[PDB]
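Listed here are the chains, written in short residue letters.
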Amino acid sequence: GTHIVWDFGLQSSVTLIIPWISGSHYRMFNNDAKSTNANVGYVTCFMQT
Amino acid sequence: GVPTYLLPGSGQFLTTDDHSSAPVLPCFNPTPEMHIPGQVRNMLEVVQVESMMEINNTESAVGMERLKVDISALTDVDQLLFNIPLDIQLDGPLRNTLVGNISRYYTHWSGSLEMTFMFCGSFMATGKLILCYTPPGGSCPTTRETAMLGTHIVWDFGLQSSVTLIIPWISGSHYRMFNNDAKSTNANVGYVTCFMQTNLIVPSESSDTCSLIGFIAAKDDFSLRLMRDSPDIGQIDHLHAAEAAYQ
Amino acid sequence: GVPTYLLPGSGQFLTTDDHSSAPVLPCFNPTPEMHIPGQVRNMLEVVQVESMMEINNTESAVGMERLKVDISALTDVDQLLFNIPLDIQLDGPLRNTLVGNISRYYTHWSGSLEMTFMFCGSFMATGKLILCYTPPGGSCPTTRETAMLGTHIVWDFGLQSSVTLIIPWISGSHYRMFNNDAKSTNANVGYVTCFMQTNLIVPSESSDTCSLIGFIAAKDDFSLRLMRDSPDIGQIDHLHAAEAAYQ
Amino acid sequence: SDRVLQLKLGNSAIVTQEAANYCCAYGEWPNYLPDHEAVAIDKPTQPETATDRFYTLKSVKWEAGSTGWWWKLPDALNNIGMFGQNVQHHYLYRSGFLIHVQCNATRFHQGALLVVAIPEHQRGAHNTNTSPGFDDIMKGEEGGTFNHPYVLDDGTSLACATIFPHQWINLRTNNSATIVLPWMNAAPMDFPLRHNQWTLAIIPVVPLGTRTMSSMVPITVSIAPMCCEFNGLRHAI
Amino acid sequence: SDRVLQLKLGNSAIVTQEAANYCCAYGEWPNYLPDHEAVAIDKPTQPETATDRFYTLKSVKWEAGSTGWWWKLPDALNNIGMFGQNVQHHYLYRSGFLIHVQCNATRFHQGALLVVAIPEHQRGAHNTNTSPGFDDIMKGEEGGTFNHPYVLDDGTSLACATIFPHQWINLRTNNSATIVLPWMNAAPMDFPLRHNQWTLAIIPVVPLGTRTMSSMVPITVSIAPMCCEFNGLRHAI
Amino acid sequence: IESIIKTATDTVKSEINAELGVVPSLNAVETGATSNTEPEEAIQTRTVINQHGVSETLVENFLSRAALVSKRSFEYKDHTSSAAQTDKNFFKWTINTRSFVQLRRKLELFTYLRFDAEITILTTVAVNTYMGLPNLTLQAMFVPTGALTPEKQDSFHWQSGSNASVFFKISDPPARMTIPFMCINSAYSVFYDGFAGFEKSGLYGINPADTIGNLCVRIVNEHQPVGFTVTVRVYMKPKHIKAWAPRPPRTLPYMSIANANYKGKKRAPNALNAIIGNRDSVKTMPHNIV
Amino acid sequence: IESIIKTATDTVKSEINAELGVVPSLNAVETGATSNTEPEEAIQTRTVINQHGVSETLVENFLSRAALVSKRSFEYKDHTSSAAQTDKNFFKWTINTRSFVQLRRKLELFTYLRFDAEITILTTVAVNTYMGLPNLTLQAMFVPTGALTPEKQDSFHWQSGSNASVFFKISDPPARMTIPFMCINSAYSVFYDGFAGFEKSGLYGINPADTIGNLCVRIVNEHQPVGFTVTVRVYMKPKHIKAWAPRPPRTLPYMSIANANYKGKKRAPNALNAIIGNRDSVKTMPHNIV
Amino acid sequence: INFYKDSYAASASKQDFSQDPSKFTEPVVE
Amino acid sequence: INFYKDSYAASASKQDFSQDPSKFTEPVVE
């Protein structure tokens with residue numbers, strides 16, 4: 001999926017843009033977190049090295 | 001005089017050399033040219049004419065029964081009818097064709113093919129077939145789900161009793177070789193399979209087993225090169241009455 | 001007819017003659033040319049690419065250990081580290097290079113060389129080296145006082161971890177020969193020596209022994225002539241499966 | 001539009017309604033011999049409507065194990081009408097042919113005929129090295145029957161016989177085939193009693209089959225000579 | 001200026017800060033196949049952002065007596081993502097590659113990697129005259145390990161391997177290497193399951209060394225296919 | 001319509017098609033016409049600029065290969081006690097293209113042929129102990145069909161008043177002659193559906209206008225005290241070739257040179273009732289990838 | 001940038017340099033680029049007008065040398081009691097450039113090659129007592145790869161309907177043919193990182209598109225009463241050469257022609273773990289002037 | 001190279017690139 | 001001297017003095 005590889009050096013920051021990838025124009029703040037109108041996806045971090 | 005020196009290759013007889021030689025009959029007048037119908041100036045004119053495939057190259061198919069495929073009414077769906085191996089070097093259904101005999105005088109080939117199928121049942125016979133071409137890589141597809149994922153044509157038998165499956169030139173190289181390895185990546189063309197799309201449905205007075213005739217030609221993007229002798233003819237002795245040409 | 005006469009050299013086969021010969025396949029159409037990356041049209045394009053020297057061509061240097069020189073911290077000043085013999089015909093550090101392998105297909109050579117050295121210690125490792133080139137005549141210089149009197153470069157290890165020692169074309173003749181006499185005045189190029197200008201100074205967590213990698217290319221004033229077979233390859237028997245090309 | 005066709009030559013006409021687009025052999029149409037290709041210097045007779053007309057032969061019974069039928073031209077017409085009288089009274093001969101083959105059946109029948117016109121169909125015999133005789137070749141109006149039509153009775157192949165001017169009678173599509181033949185010889189005229197320029201071959205590639213009532217299915221051949229010339233008038237042999 | 005580099009392909013991006021000027025192989029950049037060099041006549045699929053994106057492989061442990069690592073292309077990617085699904089469903093294939101290799105360590109570490117992309121790296125075996133088999137060559141995603149990297153496992157030489165498109169990861173200078181590869185074949189397209197156009201080789205010319213605390217140093221390989229075409233759609237093998 | 005074709009034709013790109021009244025993949029085999037369905041109309045294509053030349057399948061190139069037409073070995077010795085059915089230092093050969101089957105099947109792909117034939121003659125010699133190979137002089141005299149041919153090595157027909165002779169040695173390059181187009185018609189009949197005489201007892205299929213001539217070859221030398229075996233190979237190369245009305249190739253083996261008789265092989269391939277070798281079923285694939 | 005280079009480049013004079021911010025002798029090996037430090041920037045130079053031409057290192061000149069590719073000796077005699085594994089007056093040879101190592105290492109300096117190959121064939125003969133050397137006629141027939149090759153000296157495959165044959169004698173100059181660029185691709189693969197079949201049991205590194213063909217060579221003569229030993233040497237000269245992607249030269253000796261396997265010599269030079277012969281230390285000079 | 005006085009003595013004429021496949025592939029009249 | 005009808009029959013073409021060493025010596029992008 002959408003990722004960025006970041007080396008720690010002189011700039012100590014990156015940005016992961018989380019794109020608006022949705023079927024609907026809006027997403028609801030409904031109680032069902034597993035709903036198709038509410039669930040945004042996941043962000044994970046791994047060791048690249 | 002002119003100072004000369006002979007090169008390597010002097011005095012040899014190459015059988016493909018292109019030189020002028022001595023007239024055995026000086027001041028001979030050949031017969032005036034008459035217009036004769038059907039002049040061939042390139043052998044790719046001959047190769048583009050459709051000719052029958054022996055798809056029924058089995059035992060208990062004797063003579064002309066090899067030139068037709070007998071399809072029948074089936075009681076299961078998605079059923080395989082026949083398949084055609086596409087190796088033109090190798091003795092399969094494509095060998096004794098106009099495209100297959102002229103190509104075995106050559107070693108490399110390129111270009112698209114066409115498979116024409118004529119349905120020779122009755123007027124009352126209805127049905128639908130799917131004629132799939134599969135580019136090479138894996139095995140020949142045995143189910144219809146697997147085979148329709150490649151190049152296909154769906155054909156209903158009606159007022160036009162023929163379709164054409166264009167077999168496209170889908171190759172990595174410009175040419176394909178007529179090498180002995182049929183499973184080579186420079187030689188294997190792929191597979192043609194035919195399935196029931198619906199069913200052969202006849203009434204009680206049509207003959208319940210109907211026939212197809214398969215034809216193959218080459219298209220006009222077809223090309224042959226590297227000429228060799230044909231493996232289709234040969235002798236281990238002199239023919240009859242050949243000694244009488246010396247008597 | 002034309003009156004002719006044959007010269008001496010008629011009917012011979014020189015292996016370097018440049019004539020036109022008989023086409024074995026008339027009207028053959030070769031495959032269309034495709035753009036392929038990296039075309040070489042002159043072998044001096046290859047010779048100008050830097051490639052690693054085996055400066056560590058000693059015993060107890062096994063395999064890839066021959067492609068690097070291990071320098072350490074020393075307790076005396078002006079100390080010799082390594083030297084490089086510059087004979088390209090002779091099996092020294094310059095033989096298995098791109099400049100060294102293509103030149104052994106030739107007998108005469110001319111032009112400037114370049115020695116690039118990459119320092120492969122840690123970031124914390126500091127030091128200064130002097131890389132001297134000595135034109136021929138006497139022995140190889142063993143002290144730094146003697147060696148810096150010729151062409152040299154002083155190199156500090158910092159943000160750029162590489163220098164180039166240009167080895168200038170300093171010769172009496174236009175070309176130098178790849179003759180067997182390495183001590184000849186037509187063949188001997190001179191010497192390259194490396195010394196400590198200061199010292200390799202590392203902290204307690206850097207590895208106390210650091211490495212160099214030496215590279216050599218040719219410049220664009222480089223030239224090769226008189227072509228011969230390479231002494232780097234040879235056979236005393238037929239290879240394996242060579243009889244199977246006759247079976 | 002291409003299924004209906006009236007062919008009118010002389011006092012003979014043929015309407016068909018279930019035809020294919022007809023075949024002109026090698027793209028050529030018949031003509032008379034022009035002056036720049038002529039050889040025989042006497043004035044030829046061009047009897048036209050007396051000879052340029054359809055000649056219908058005896059029909060053949062399309063049966064179960066039929067192998068095929070052949071007629072050699074002009075041998076099949078050398079004794080029929082005023083074409084045969086101009087043949088027997090002259091030494092030389094030149095014409096083309098308009099062959100029309102008829103075979104119909106019901107819509108419950110199946111079968112396919114290859115109707116192919118072969119130039120210079122030199123035949124071979126089977127399992128002997130003696131050449132075919134005069135009576136094996138010069139059958140006449142009745143024509144012959146293929147012995148091994150899979151190799152076209154000459155060692156070649158039926159599969160590649162679509163290189164010749166041909167049509168098909170597929171019984172679900174059409175019931176007639178029409179091939180227009182020009183003059184096909186190395187010489188401009190020819191002696192008609194010892195040489196055949198064309199062989200009409202009709203071959204059962206798909207046999208006749210039905211499950212309705214059994215009728216006789218005939219295959220009828222009408223041949224019209226086109227642009228007949230005759231040179232070398234003498235008596236009749 | 002040449003040390004910082006963001007490579008953005010598809011939904012994948014890589015920022016680096018301690019890089020070298022990247023290498024375009026033989027001065028060439030990838031492109032699609034033009035019409036005057038095309039062979040296969042069907043319309044190719046160009047899935048672009050679904051396949052033209054970085055694919056990161058499993059990292060390898062840079063250790064004491066490492067000899068080297070190799071991955072063959074496109075074999076290392078034939079089962080990964082939508083590149084591997086377009087590979088398995090098509091007969092033909094054409095793309096270039098953007099290889100990015102990552103290896104960092106502290107400023108007390110030393111070592112040099114030769115990151116070299118070799119065209120048509122036909123391997124050899126050691127001390128036998130039997131050719132290498134299928135499993136010796138087609139490793140896949142894990143790749144292989146050099147047996148004798150001093151002769152590049154083919155009898156040639158590591159010293160002259162800088163004639164190929166290469167970079168270095170010298171641990172005091174940079175921590176990444178980037179090689180852009182075009183299509184490198186004699187044919188315009190190719191069957192991806194039996195032929196490898198490029199081999200990425202990573203070779204310890206100077207071994208890893210430090211006297212600080214022992215950390216695991218990994219070497220990570222991200223490969224982005226560039227300008228993928230696929231011809232010959234069928235089922236999946 | 002006739003045009004000039006130097007390369008194979010190019011492919012144009014095509015798109016999604018969905019039109020009523022237009023069905024280009026359906027055809028009519030019954031008309032005798034080959035299908036004109038183009039690959040643009042069956043699949044979606046791309047633009048391919050096809051640069052593949054077509055010059056090697058030209059009928060001039062396809063047929064102008066020097067092919068063996070005659071091979072005759074005769075004992076070159078003193079012929080006094082030799083039988084009268086043998087070749088007493090000379091042979092005669094009616095020139096035909098029927099005896100060797102590679103050129104025969106290749107020329108029988110056409111009904112009519114007009115060509116000039118260049119004739120290369122290759123003489124080779126072997127000792128019939130060994131003491132060396134003589135550099136003999138051979139005479140090949142071209143006699144027209146049916147004319148007087150010599151009956152001896154030293155006959156007075158070899159003087160060649162108007163018959164063209166070539167005198168050549170074994171140590172030379174091979175003798176090469178061009179024989180013109182010598183038919184009394186405008187083309188040679190490769191096949192002749194007829195009888196060549198006005199009676200009903202002539203030969204079928206043999207037109208003597210198709211016959212080039214006789215090739216009478218002798219050794220001009222007298223006999224040495226030892227014998228030698230001399231093999232004379234004659235090679236024919238057609239040139240300036242026009243070809244008309246192509247034919248099915250011969251599938252079965254040739255039996256004779258006088259006719260087109262057939263037997264076929266005992267098993268497939270090229271049997272009488274089976275030209276192609278057999279597979280197990282029509283849904284069996286012979287070289288299936290595993 | 002591509003330019004035309006006919007001679008080696010000239011040197012310009014330079015002076016004392018002492019500039020901050022400019023360090024041309026320092027470089028970056030890590031980028032993969034070769035150093036661009038010119039000799040004007042490292043020492044003080046003079047003006048040299050360099051007139052040394054570069055035309056002998058052209059890839060056309062470097063490779064267009066006629067090199068031995070085949071060497072085959074066979075006994076030319078009566079072969080009735082000879083074993084079936086021997087060359088009964090003829091041999092077959094799959095044309096390759098792998099068998100002799102001078103041309104092999106030279107052609108394997110490149111990944112891809114497009115060339116026309118001219119083929120010189122040198123036949124030499126020896127008596128197998130002495131009575132003289134015969135002037136034999138040889139036939140070299142070019143058969144494409146995988147096609148039918150002859151099984152006898154007197155087989156009917158030697159008639160060469162469409163296969164190109166050259167007939168040549170021992171007393172002539174050597175026979176010379178030009179074989180075209182015959183690959184189905186745009187270049188020959190000198191190295192092939194792949195398998196040539198769709199199954200997992202094919203040969204590694206052998207692309208049959210790279211293979212030119214077979215070279216079937218017989219003696220057209222019949223056997224003499226004595227035997228002779230005939231050696232046929234085939235020489236290949238590449239011409240009209242384009243070359244792509246150069247490679248490291250092979251250092252270790254070749255083991256086979258089928259693959260790039262390596263063993264190395266037992267000691268340096270050209271051993272597996274030591275390509276260059278050893279010296280005593282890194283500060284030891286091997287040929288030091290005394 | 002033809003120094004002979006007869007025209008049939010010349011070499012092979014390999015420049016006849018005129019085709020007409022439609023006399024075999026489309027011999028129908030409409 | 002080329003009297004053959006095929007272009008590949010000709011002698012060796014030793015006039016290709018175009019070089020481009022920068023595709024091997026400077027393949028970097030900036």
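Residues numbered from 1 in each chain as written, not as in the entry; some residues may be left out. Chains lettered and ligands numbered in written order. Part of a larger assembly, values for the part shown. Heavy atoms only, no water.

Judging from the entry metadata, cryo-EM is the method by which this structure was determined, and 2.79 Å is the reported resolution.

The subject of this paragraph is the overall build of chain A. In terms of regular secondary structure, chain A is built from zero helices and one strand. Principal-axis analysis of the C-alpha atoms gives chain A an extent of 40 × 20 × 15 Å. The proportion of buried residues among the 49 residues of chain A is 8%. (Helix = DSSP H or I, 4+ residues; strand = E, 2+ residues; numbered from the N terminus. Buried < 20%, exposed > 50% of the residue type's maximum accessible area, 1.4 Å probe, protein only.)

Each partner contributes residues to the interface: chain I has six residues there, and chain E has seven residues. Between chain I and chain E, the buried area comes to about 620 Å², and carbon and sulfur atoms account for 62% of it. Scanning the region where chain I abuts chain E turns up zero salt bridges. In this assembly, chain I and chain E are joined by four residue pairs in polar contact. Considering only residue class, the side of chain I that touches chain E consists of four nonpolar, no polar and two charged. (Contact = heavy atoms within 4.5 Å. Buried area = accessible area lost by both parts, 1.4 Å probe. Salt bridge = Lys/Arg side-chain N within 4 Å of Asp/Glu carboxyl O. Polar contact = N/O pair within 3.5 Å; in protein donor to acceptor, adjacent residues only side chain to side chain. Nonpolar A, V, L, I, M, F, W, Y, C, P; charged D, E, K, R; others polar.)

The subject of this paragraph is the pattern of salt bridges. What the rule picks out here adds up to 44 salt bridges over all chains. Residue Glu2 of chain F pairs with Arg41 of chain B through a salt bridge whose shortest N-O separation is 2.9 Å. With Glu2 of chain F in the segment before β1 (3-4) and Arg41 of chain B in the loop between β4 (39-40) and β5 (51-52), this residue pair bridges two chains. Taking relative accessible area as the criterion, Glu2 of chain F reaches 46% and is therefore assigned partly exposed. Close ionic contact of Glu38 of chain F with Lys219 of chain B constitutes a salt bridge, the shortest N to O distance being 4.0 Å. Of the two residues, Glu38 of chain F sits in the loop between β1 and α1 (39-42) while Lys219 of chain B sits in the loop between β15 (209-218) and β16 (223-227), which places them in two different chains. By relative accessible area, which is 6% here, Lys219 of chain B ends up buried.

This paragraph deals with the interface of chain B and chain F. Contact with chain B, which involves 108 residues of that partner, is made by 104 residues of chain F. Taken together, the links from chain B to chain F amount to five salt bridges. A salt bridge links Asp232 of chain B to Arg105 of chain F, with the nearest nitrogen and oxygen atoms 3.7 Å apart. Seen at the junction of chain B and chain F, the total is 53 residue pairs in polar contact. Among the elements that make up the side of chain B that touches chain F, the one with the highest residue count is strand β7 (residues 80-85) of chain B (six residues). Classifying every residue of the side of chain B that touches chain F gives 52 nonpolar, 38 polar and 18 charged. Direction of pairing for strand β3 (residues 22-23) of chain B relative to strand β7 (residues 175-179) of chain F: parallel, over a ladder of two bridges. Residue pairing across strands places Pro23 of chain B opposite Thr178 of chain F, the latter belonging to β7 of chain F. (Pairing = 2+ DSSP bridges.)

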